[PDB]
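One structure is given below, encoded as structure tokens.
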Amino acid sequence: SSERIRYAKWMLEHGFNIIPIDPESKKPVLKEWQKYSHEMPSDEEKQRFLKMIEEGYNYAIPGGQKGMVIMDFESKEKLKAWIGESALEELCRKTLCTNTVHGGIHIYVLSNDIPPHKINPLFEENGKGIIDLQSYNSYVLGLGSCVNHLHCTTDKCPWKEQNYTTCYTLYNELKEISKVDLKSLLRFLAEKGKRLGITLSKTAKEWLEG
Ligand SMILES: [Zn+2]
Ligand SMILES: [Zn+2]
């Protein structure tokens, strides 16, 4: 059927919980969705969730689950200039990467050492955050979810008030979320970005240096 339901089922198939997003509130259908970073909803809730998604609801994937976190970059073209085409392609060759509805890129990874607390933004350029690590108490919309930008009136949306719809799509091809050495990755990004005005945030460098 739809890509939205296919990918939602694919995440569940791999042991990751998902939660429907209410069409109106644009927030998870359950207020206490954070519990899904540590336990499953059970057969009942699951079927109910899948029905909402099949009927058209978008869905989200809570971070932190089984050591899975999502590096949420605001701009894909910026990352390409940042680490280079070769580095980006290799990274997305080894793990799942997706295009966001605003031109960003989500890189899903598994890590044995997840920050015990929020250290966002990870990096900044010209005094502003350009990437956030989505871990516990956060989520990202999943593949197939679509957003109509007509109601977006902030400068965070490039498509401000446009009668235009975009969706979360695969960067290249569907691939398993694989393990990465998070701290080693961040050091690579730090080294590559210094010559482009991209630097780690105070809290990020803190954790990175222990
Ligand atoms: Zn928007
Ligand atoms: Zn698999």
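A note on labels: chains of the structure tokens are A, B, ... as shown, every chain counts residues from 1, and ligands are counted from 1 in their shown order.
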Residues up to 9 Å from ligand 2, counting only C-alpha atoms and all ligand atoms: could you list those as a ChimeraX atom specification?
-> /A:10-11,13-14,175-177
Counting only C-alpha atoms and all ligand atoms, which residues of chain A fall within 12 Å of ligand 1, and what is the closest atom pair for each with its distance in Å at one decimal, ordered by chain and rising number, as CSV?
residue,atom,partner,partner_atom_place_in_ligand_line,distance
A:26,CA,ligand 1,1 (Zn),11.6
A:100,CA,ligand 1,1 (Zn),10.0
A:101,CA,ligand 1,1 (Zn),6.9
A:102,CA,ligand 1,1 (Zn),6.3
A:103,CA,ligand 1,1 (Zn),10.1
A:104,CA,ligand 1,1 (Zn),11.6
A:146,CA,ligand 1,1 (Zn),9.9
A:147,CA,ligand 1,1 (Zn),6.6
A:148,CA,ligand 1,1 (Zn),6.7
A:149,CA,ligand 1,1 (Zn),4.3
A:150,CA,ligand 1,1 (Zn),7.6
A:151,CA,ligand 1,1 (Zn),7.7
A:152,CA,ligand 1,1 (Zn),5.2
A:153,CA,ligand 1,1 (Zn),8.2
A:154,CA,ligand 1,1 (Zn),8.5
A:155,CA,ligand 1,1 (Zn),9.4
A:156,CA,ligand 1,1 (Zn),7.6
A:157,CA,ligand 1,1 (Zn),4.6
A:158,CA,ligand 1,1 (Zn),6.9
A:159,CA,ligand 1,1 (Zn),5.9
A:160,CA,ligand 1,1 (Zn),6.5
A:161,CA,ligand 1,1 (Zn),8.1
A:162,CA,ligand 1,1 (Zn),8.7
A:163,CA,ligand 1,1 (Zn),10.3
A:164,CA,ligand 1,1 (Zn),8.9
A:165,CA,ligand 1,1 (Zn),8.5
A:166,CA,ligand 1,1 (Zn),8.5
A:167,CA,ligand 1,1 (Zn),10.2
A:168,CA,ligand 1,1 (Zn),11.8
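Going from atom CA of residue A:77 over to atom CA of residue A:23, you cover 29.5 Å.
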Tell me which protein, DNA and RNA residues are within 10 Å of stretch 115-129 of chain A, counting only C-alpha atoms, leaving out same-chain ones fewer than 2 positions away, and put them as a PyMOL selection string.
-> chain A and resi 64+69+71-74+111-113+131-138+182-183+186+189-190+193+196-208
File of the preceding selection, C-alpha atoms, as a PDB file, in the first residue's frame:
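What landed in selection_20.pdb:
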ATOM      1  CA  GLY A  64      16.879   6.624  22.741  1.00  0.00           C
ATOM      2  CA  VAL A  69      19.484   8.124  18.277  1.00  0.00           C
ATOM      3  CA  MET A  71      21.293  13.145  14.230  1.00  0.00           C
ATOM      4  CA  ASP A  72      18.896  15.806  12.931  1.00  0.00           C
ATOM      5  CA  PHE A  73      20.682  18.205  10.540  1.00  0.00           C
ATOM      6  CA  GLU A  74      18.805  21.340   9.463  1.00  0.00           C
ATOM      7  CA  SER A 111      25.309   3.908  19.899  1.00  0.00           C
ATOM      8  CA  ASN A 112      26.663   2.146  22.990  1.00  0.00           C
ATOM      9  CA  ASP A 113      27.334   5.541  24.560  1.00  0.00           C
ATOM     10  CA  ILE A 131      21.999  19.935  14.172  1.00  0.00           C
ATOM     11  CA  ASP A 132      20.344  18.342  17.187  1.00  0.00           C
ATOM     12  CA  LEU A 133      20.790  14.839  18.577  1.00  0.00           C
ATOM     13  CA  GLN A 134      17.351  13.308  19.068  1.00  0.00           C
ATOM     14  CA  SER A 135      17.593  10.916  22.004  1.00  0.00           C
ATOM     15  CA  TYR A 136      15.373  10.253  25.018  1.00  0.00           C
ATOM     16  CA  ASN A 137      12.325  12.519  25.275  1.00  0.00           C
ATOM     17  CA  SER A 138      12.485  13.481  21.618  1.00  0.00           C
ATOM     18  CA  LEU A 182      29.217   8.367  18.269  1.00  0.00           C
ATOM     19  CA  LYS A 183      32.129  10.211  19.888  1.00  0.00           C
ATOM     20  CA  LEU A 186      31.436  13.875  16.436  1.00  0.00           C
ATOM     21  CA  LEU A 189      32.510  16.360  12.207  1.00  0.00           C
ATOM     22  CA  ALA A 190      34.331  18.770  14.527  1.00  0.00           C
ATOM     23  CA  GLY A 193      33.823  21.757  10.264  1.00  0.00           C
ATOM     24  CA  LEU A 196      33.893  26.275   7.558  1.00  0.00           C
ATOM     25  CA  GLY A 197      32.918  28.082  10.744  1.00  0.00           C
ATOM     26  CA  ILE A 198      31.118  25.078  12.230  1.00  0.00           C
ATOM     27  CA  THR A 199      31.893  24.330  15.880  1.00  0.00           C
ATOM     28  CA  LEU A 200      30.671  22.092  18.714  1.00  0.00           C
ATOM     29  CA  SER A 201      28.391  23.620  21.337  1.00  0.00           C
ATOM     30  CA  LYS A 202      29.729  24.197  24.860  1.00  0.00           C
ATOM     31  CA  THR A 203      27.745  21.296  26.305  1.00  0.00           C
ATOM     32  CA  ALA A 204      28.574  18.987  23.391  1.00  0.00           C
ATOM     33  CA  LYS A 205      32.324  19.570  23.653  1.00  0.00           C
ATOM     34  CA  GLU A 206      31.937  19.041  27.402  1.00  0.00           C
ATOM     35  CA  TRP A 207      30.473  15.545  27.054  1.00  0.00           C
ATOM     36  CA  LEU A 208      32.814  14.714  24.179  1.00  0.00           C
TER      37      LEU A 208
END
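The nearest approach to residue A:6 among the residues A:30, A:143, A:114, A:109, with only C-alpha atoms taken into account, belongs to A:143.
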